[PDB]
Every structure is written in C-alpha cells, then in structure tokens.
Amino acid sequence: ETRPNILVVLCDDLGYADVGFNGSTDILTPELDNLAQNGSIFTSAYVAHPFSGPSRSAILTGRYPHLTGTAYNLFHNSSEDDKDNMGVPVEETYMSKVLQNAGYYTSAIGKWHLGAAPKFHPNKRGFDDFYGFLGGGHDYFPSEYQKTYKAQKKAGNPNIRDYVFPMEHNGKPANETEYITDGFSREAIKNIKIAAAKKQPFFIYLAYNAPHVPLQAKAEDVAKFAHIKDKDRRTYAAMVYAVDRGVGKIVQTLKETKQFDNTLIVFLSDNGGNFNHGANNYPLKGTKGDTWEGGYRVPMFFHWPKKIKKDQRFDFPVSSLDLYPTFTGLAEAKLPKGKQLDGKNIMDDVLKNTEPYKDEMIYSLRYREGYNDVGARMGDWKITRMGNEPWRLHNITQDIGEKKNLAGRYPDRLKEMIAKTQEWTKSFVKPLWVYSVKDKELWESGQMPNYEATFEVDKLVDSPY
Ligand SMILES: O=S(=O)(O)O[C@@H]1[C@H](O[C@H]2O[C@@H]3CO[C@H]([C@H]2O)[C@H]3O[C@@H]2O[C@H](CO)[C@H](O)[C@H](O[C@H]3O[C@@H]4CO[C@@H]([C@H]4O)[C@H]3O)[C@H]2O)[C@@H](O)[C@H](O)O[C@@H]1CO
Ligand SMILES: [Br-]
Ligand SMILES: [Br-]
Ligand SMILES: [Br-]
Ligand SMILES: [Ca+2]
Ligand SMILES: [Cl-]
Ligand SMILES: [Cl-]
Ligand SMILES: [Cl-]
Ligand SMILES: [Cl-]
Ligand SMILES: [Cl-]
Ligand SMILES: [Cl-]
Ligand SMILES: [Cl-]
Ligand SMILES: [Cl-]
C-alpha cells in the first residue's frame, strides 16, 4: 500500500561528532553515512531534553517532559508495582499505539526507560512485539552478565542491579546469546521479515543502548580501531561501529524484502554525548545533561528513497517532538481525542526545504540542585543559562560553540526571548518523581523550581556599587 514503513534507529549518549556524516574523523560509520548521503542530513536537530528518560518520554508522547511530569530519570531498579506509578502516565498515548490502531505492525527493541511496571510495559503501550530491557541500561555480554546474575542470586543479593537482569521478549526470558547490539540488530531484521510476511506496514522503534556505558565492545570491532591510544575512545568507537554493522544488515534485509524504497528511516541520538565516557560533541560546547548545544543537539537523518532526495542538508532547526505528528501524518492515522502535541508535522517542510519553526522556539530546561539550566532557540539566535551564571545570547549560526556572549550588545532580543521562555514554563506541571533526596527536599520547600529566579537578568550583571 501507499503508507511508508517507519524505522527509528535511536542511539543512546551518541556524541555529535561520533558518526562520519556528522563530522567524525576517527569513528567509521559507512552504513549510516550511506543512508545519510542518500537522504536528508539535519544540521540543527534537537531532542526535547539533554538526558535519556525525559528525552525518550518526549519522543513517544510528542510532548516536552515538563508537561507530562517526566523531566527526571526513573532511578535504577524503579518500582515494578503498578501501584507506585513509576512510569510515564498511561493516559499520554504513545505514537506506537496510534500507529498500531491505524494498522501498523509495531515493534520496540532495546532500551525502554519509560516504566518497569506492567501498566508501563511496551506491550501495553502500542507495541505488538518487545525485545529488550525496561530500565536505563544494560551490560553488553550475555556470557558475562548471566554469570553475574546467577552468582548474585546464589549469594542472596536482595538488590541485584537491573544492568545484569535477564532481558525479555514479550515478557518471557530472552536467553540472549550475542553481544546485545548484535542481538538487537538480529531482532530488527526478524521483525522486518515478519512485517514482510504479514504484508503489513511496520513501525520499529530500535533503541540501541550503545554507546551508553558500560564501555564494552567486541574484540573484532576493537581491532578496527586498534591504533586509538585512548582506551575509552577506542572502545566507544567500536561500540558505535557495531551499530553501524547492524544498520548495514538491516538495510540489506529491507532491500531483500522490497521494503527499502518505501521505508522512512530516522536515525538520531537520545541526547548529547557524555564526554567523560568516550564521546565527542565537536564543534558544540558541553556534554550530556547541559543546555549548551552539546547536551541536546544531536545527529539526525531522514532516509526515504521514494520521497526524500539524495545529498540533502536541512539546516533549519527541528525537534525530536516532530516525529510524533510527522509519523502519524504519514500513517494517515487519527489522533486520540484531546491529544496534545508540542511538535509539528515537518515532512512537507523537508521536501520543500522550508522553515518549520520560523519565528518559533525550540526549548530545553534542565533541573539542577537548586536552579535551572535553560536553552531556547529561534532562527539564528539562542539564549542559554548554565550553572545559574548570567544569561547568554548567541548567534548560534555564527557562533555554534556559544563562545561570544552578545547579551550586552542586543539586550532587547535577549529580554524578548526570555519573556517567551518564561511564558512557556507557566504551562509546566510538577514532576511525578524526582531523582535524589536533595531534589525532594528542594521541591518540598519551594526552593525548586523557582522559575521566577531563573528568568532574572539585570541583577546578575549589575554591580551593587
Ligand atoms: O560502574 S561502576 O563504577 O562499577 O559502578 C556501577 C554503577 O555505576 C554506574 O551506574 C550507571 C551505569 O554506568 C554508570 C555508572 O556510574 C551510570 O550511568 C548512568 O546510567 C543511567 C541510565 O541507566 C543514566 O544514563 C545516568 O545519567 C543520568 O544521571 C543522573 C540522573 O539523570 C541525569 C543525571 O542527573 C542523567 O545524566 C548515567 O550516569 C553503580 O550505580 C553501582 O552502585 O555499582 C555498579 C557496579 O556494580
Ligand atoms: Br499508550
Ligand atoms: Br538475556
Ligand atoms: Br559522568
Ligand atoms: Ca542517553
Ligand atoms: Cl549486582
Ligand atoms: Cl525496495
Ligand atoms: Cl562533567
Ligand atoms: Cl525522488
Ligand atoms: Cl563557558
Ligand atoms: Cl536588539
Ligand atoms: Cl515531587
Ligand atoms: Cl532582574
């Protein structure tokens, strides 16, 4: 039929300069590069939050996490009891469910991080099939983590880390035997073949945990980078390379089943690279978690041979929030009544090279221990507050590294963008959970969120003398 298949390939903590098509000089990603070159590379792509849980929530709900109560990560080994509601609210309908109701065969593979209790399970949230783990990460070698899991059960460990838990397949044990990146690639191939056999459009949410810690890589991938002297960089490159291998096999499967031409492949990272653990975000400033560009500006391409031209670069800013309305539009799917969305259906803009966010803002706000980091972009201009320092105004097109603070030269533009961003925060909800005890103390006493203090300007720079 006319409706395209959709494959999201979502990496975890992949740095900005860590794929070939986005600038890498040491990591080799020929299969991803080939896809990017045969479609549209997005040079100003943003995720809705600079860390996983809230970013993933935003991709699947189509709303900023500040509107859904999900702006902090779930903790390690979060409650698996429905009564504790440790998960994204069930009332916020996921794009997977919408696609499933419109006749797609739907599959999620890899990392979830959206709730470990039954009501939050992928199979309850629109996925016909799920293969992966429910929490925030996982050790990569089954021979290693299955030994550790059994050994800790035998020792009577009452709090085994979910990183070594057996993975699952629709709620049954997975009995994985491969390096799990290779396993996730295998399950993607299989689900592509199932969709081909059913003669049904597919939506596959392939959430590799690579290159997220722990840095663990196959010897055969390491040898591709054996000369790289920094052991972290060497292992990380091999981890990314393994994803690239899997994408190459997925691509051959799509061609063999004749689904390649009419499949939209979207590749991105859930957030910026963590430069403490192998990642490189050049030329951006900062690291995973920041509201510098480095925390939430990510590599992205769209690949869809039927519609998207080759060698395209799309330079206008876009959001991972656009995936929900764009995909449901492509699926000719009807949104549930009352569903709220923060992004736009951008596919016509990509095809015509027009500006979807013209005179509109793409935002980040990240909660810290007593203050807020903020970023906000319109057109060529961005405002940033990091570490509760004085506000910065950057021409992000001219100054991608956020080095030249123009707040003094153009104070009206600064204040203009502040006012719009402060108005945005008036729609926020309270978090359903926070992350640390410190967090809970600050919110309970009203020290957080204090958006009013976040949007102070002149008193941060004026001298009292
Ligand atoms: O690894 S060891 O040093 O041996 O200790 C481990 C374990 O420590 C790890 O926990 C996580 C897995 O690797 C890193 C180690 O510190 C951690 O990475 C974290 O993964 C999370 C997802 O599972 C998140 O990505 C997390 O990042 C977040 O951190 C906070 C919360 O939200 C923001 C930020 O505010 C986000 O960036 C990331 O750091 C240790 O916990 C355990 O005690 O011992 C193990 C060894 O047995
Ligand atoms: Br749902
Ligand atoms: Br397993
Ligand atoms: Br860290
Ligand atoms: Ca991440
Ligand atoms: Cl453990
Ligand atoms: Cl084809
Ligand atoms: Cl740091
Ligand atoms: Cl064409
Ligand atoms: Cl700085
Ligand atoms: Cl001005
Ligand atoms: Cl709270
Ligand atoms: Cl002020």
Side-chain angles (χ1 to χ4, degrees), residues 9-16 18 46-60 65-66 68-75 84-86 110-114 133 135-138 207-215 236 239-240 243 268-279 281 284-299 320 364 366-367 369 373 375 382 384-394 399-407 428-450:
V9 178
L10 177 71
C11 286
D12 188 4
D13 299 1
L14 175 72
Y16 204 60
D18 292 339
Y46 297 92
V47 285
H49 202 71
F51 60 80
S52 46
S55 176
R56 286 155 193 279
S57 162
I59 289 157
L60 273 95
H66 321 71
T68 59
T70 58
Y72 289 93
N73 270 359
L74 292 167
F75 210 74
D84 289 323
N85 288 130
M86 268 318 164
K111 177 165 160 167
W112 187 238
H113 217 189
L114 303 176
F133 55 93
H138 209 281
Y208 290 111
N209 61 315
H212 188 294
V213 285
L215 306 180
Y236 175 103
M239 286 164 78
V240 173
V243 173
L268 74 161
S269 181
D270 70 333
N271 53 251
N274 184 334
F275 58 23
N276 292 318
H277 299 289
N281 299 319
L284 316 180
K285 177 181 288 179
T287 186
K288 172 191 183 181
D290 294 340
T291 58
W292 300 119
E293 300 287 85
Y296 66 108
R297 183 175 175 167
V298 300
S320 67
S364 179
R366 180 260 158 79
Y367 300 111
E369 301 323 296
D373 293 332
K382 187 210 177 170
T384 313
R385 186 163 194 204
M386 274 297 298
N388 226 32
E389 285 289 295
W391 277 94
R392 308 170 66 88
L393 171 73
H394 296 292
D399 176 28
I400 194 171
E402 293 169 287
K403 300 172 162 174
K404 307 303 160 164
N405 184 0
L406 297 180
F428 290 4
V429 300
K430 288 215 199 133
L432 300 169
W433 56 82
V434 298
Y435 195 77
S436 68
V437 167
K438 183 70 185 189
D439 288 335
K440 176 230 82 173
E441 297 180 354
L442 293 172
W443 280 86
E444 286 199 325
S445 71
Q447 294 173 80
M448 290 290 295
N450 201 349

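When a ligand or atom number is given, it counts from 1 through the structure's own listing order. Note that the numbering runs from 1 along the sequence shown for the chain. All values below come from the heavy atoms of this structure, side chains included, with hydrogens, waters and symmetry mates left out.
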Open item on the list: Determine whether a donor-acceptor pair (N or O, by modelled atom type, separation under 3.5 Å) exists between the side chain of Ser269 and the backbone of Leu14.
Closed with: yes
Open item on the list: Suppose we screen for ring-ring contact (aromatic ring centres under 6.0 Å, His included). Which residues come up paired with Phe75, at least two apart in sequence or across chains?
Closed with: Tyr435
Open item on the list: Strictly under 3.0 Å of the Ca ion (ligand 5): which protein N/O/S atoms qualify?
Closed with: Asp12 OD1, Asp13 OD1, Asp270 OD1, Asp270 OD2, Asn271 OD1
Task: Straight-line distance of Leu406 CG to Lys382 NZ, nearest 0.5 Å - done: 13.5 Å
TODO: Could you tell me which residues satisfy side chain to side chain contact (heavy atoms under 4.5 Å, CB included) with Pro214, sequence neighbours excluded, listed by chain and number?
DONE: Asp139, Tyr140, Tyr163, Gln216
TODO: Compute the ring centroids of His277 and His212, then answer whether they are less than 6.0 Å apart.
DONE: no
TODO: Kindly write out the residues that satisfy side chain to side chain contact (heavy atoms under 4.5 Å, CB included) with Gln447, not counting sequence neighbours, or none if the list is empty.
DONE: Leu442, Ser445
